[PDB]
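Novice: make a model of this:
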Amino acid sequence: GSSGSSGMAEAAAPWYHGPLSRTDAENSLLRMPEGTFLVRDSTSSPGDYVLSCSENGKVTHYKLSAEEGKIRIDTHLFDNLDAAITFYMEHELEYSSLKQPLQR
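Specialist: Residues are numbered from 1 along each chain as shown. And now the structure:
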């Protein structure tokens, strides 16, 4: 058909970047304004995730650990990743709230 794969792609969330490293997350978010965020596979723990954020003139990283198939981050427990992202849109994370997904 077309180019064709633009249909879909496939519908991981706009903020999800897969097996991205820290250095690449940091070189993207240091170039973006504050409150730009992404989620990636965890560089220390297969099946955990990591939220990375542009905050306070730097880049930050927070673990989204798997707990009975739900998502643990700091002390908080959410049903899934999009609920954890939505919570840090309504509330501040550490230095600011989430504002926009990193482009791809």
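
Novice: the helix ranked longest in the chain packs against which elements?
Specialist: Across the chain, the longest stretch assigned as helix under DSSP state H is helix 81-90. In terms of contacts (3 or more Cβ pairs under 8 Å, 6 or more residues apart in numbering; DSSP states H and E), helix 81-90 is packed against strand 36-41, strand 49-55, strand 70-73, strand 76-78. Placement of C-beta: from N, CA and C, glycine included.

Novice: out of these, flag the one nearest residue 29.
Specialist: For those, proximity to residue 29 was assessed by Cβ to Cβ; strand 49-55 is nearest, at 4.1 Å.

Novice: which ones are touching the residue of the chain most remote from its centre?
Specialist: For the chain, the C-alpha lying farthest from the average C-alpha position belongs to residue 1; by Cα atoms, centre = their mean, that distance is 33.3 Å. Residue 1 makes contact with no residue under the criterion Cβ atoms under 8 Å, 6 or more residues apart in numbering.

Novice: for it, give its distance to residue 8.
Specialist: Applying Cβ to Cβ, to the nearest Å, the value for residue 1 to residue 8 is 13 Å.

Novice: so which helix or strand takes in residue 64?
Specialist: Here residue 64 sits within strand 58-67, counting by DSSP states H and E.

Novice: got the angle for that strand vs strand 36-41?
Specialist: On the basis of axes from the mean of the first three to the mean of the last three Cα atoms, to 10 degrees, strand 58-67 is oriented at 40 degrees to strand 36-41.

Novice: and the contacts of stretch 19-38?
Specialist: Outside stretch 19-38, the residues that touch it by Cβ under 8 Å, 6+ apart are 15-17, 40-41, 43, 51-59, 61, 85, 96-102.
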